[PDB]
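These notes are about the structure you will find just below.
2 protein chains.
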Amino acid sequence: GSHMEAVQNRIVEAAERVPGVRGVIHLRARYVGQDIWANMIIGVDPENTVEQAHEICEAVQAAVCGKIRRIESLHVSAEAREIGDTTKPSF
Amino acid sequence: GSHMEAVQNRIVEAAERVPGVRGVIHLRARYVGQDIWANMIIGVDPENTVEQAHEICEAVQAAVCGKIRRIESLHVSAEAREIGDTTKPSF
Ligand SMILES: [Zn+2]
Ligand SMILES: [Zn+2]
Ligand SMILES: [Zn+2]
Ligand SMILES: [Zn+2]
Ligand SMILES: [Zn+2]
Ligand SMILES: [Zn+2]
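Line by line, the protein sequences are chains A and A'. A prime marks a further copy of an entry chain.
The letter at position 77 of the first sequence is residue 287 when you use the deposited numbering, and the numbering goes up by one with no holes.
The letter at position 37 of the second sequence is residue 247 when you use the deposited numbering, and the numbering goes up by one with no holes.
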């Protein structure tokens, strides 16, 4: 599984590099031909408004799509995550 | 496709019956044996905090799981949706 491991590692690394991201909670990706399609959920400050959270999703989209050009489609959305959360999964 | 059509119709109807839901934006469901597994994204007020949005996700979970007992697992999260949004899909 190294091909998709390396892709998912790079997606997570790029998304955690965006300020406002509190970990990656869910991520699934797949190849379609040579291209990649992915769905991701990031953790964010629960006190952010949803509008504010979205601006983090858009930053993550930009960062990830920009660092990994084989990604043809990427959907990013958010869930709440408190600091020191052990209630949700993460990478 | 009537079996899954009827299930998805019932999921959407039950979720839109929850105050705070601004449409169902994304929904995918499948059978695993006789049981159903689903992933849904609801629209919410962009001005809600993420914490507040989550309380809507938990209400939708409760409503949907309660009305459709063949659903064994259901993940609900949110995205922003302004009133009169034509920028995101919906059911
Ligand atoms: Zn978003
Ligand atoms: Zn956007
Ligand atoms: Zn979406
Ligand atoms: Zn939620
Ligand atoms: Zn919850
Ligand atoms: Zn989740």
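The beta carbon of each residue, even a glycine, is placed where N, CA and C say it ideally should be.
Residue i, DSSP secondary structure in three states
i                   : result
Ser-300 of chain A' : coil
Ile-278 of chain A  : coil
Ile-252 of chain A  : strand
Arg-238 of chain A  : strand
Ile-293 of chain A' : coil
9 Å Cβ cutoff, residue i in contact with chain A
i                   : result
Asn-219 of chain A' : no
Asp-255 of chain A' : yes
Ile-251 of chain A' : yes
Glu-226 of chain A' : no
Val-231 of chain A' : no
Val-234 of chain A' : no
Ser-300 of chain A' : no
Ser-212 of chain A' : no
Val-242 of chain A' : no
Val-222 of chain A' : no
Beta-carbon contacts of residue i that lie in its chain and below 8 Å, excluding the five residues immediately before and after
i                   : result
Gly-253 of chain A' : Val-231, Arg-232, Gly-233, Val-234, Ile-235, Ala-288, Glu-289, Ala-290, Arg-291, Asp-295, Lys-298 and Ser-300
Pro-256 of chain A  : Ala-290, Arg-291 and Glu-292
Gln-218 of chain A  : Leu-237, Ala-239 and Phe-301
Boundaries of the beta strand (DSSP E) in which residue i is found, first to last residue
i                  : result
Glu-282 of chain A : 281-290
Boundaries of the alpha helix (DSSP H) in which residue i is found, first to last residue
i                  : result
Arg-220 of chain A : 212-226
CB contact check: residue i to chain A', cutoff 9 Å
i                      : result
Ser-283 of chain A     : no
residue 193 of chain A : Past the edges of chain A, shown from 211 to 301, lies residue 193 of chain A, and the structure says nothing about it.
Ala-290 of chain A     : yes
Same chain, Cβ closer than 7 Å to residue i, five either side skipped, listed in chain order
i                   : result
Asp-245 of chain A' : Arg-280 and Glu-282
- Task: Compile a chain-ordered list of the residues in the region 264-283 of chain A whose CB is closer than 9 Å to at least one CB of chain A'.
- Result: Listed by position, the residues of the region 264-283 of chain A near chain A' (Cβ gap below 9 Å) are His-264 and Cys-267.
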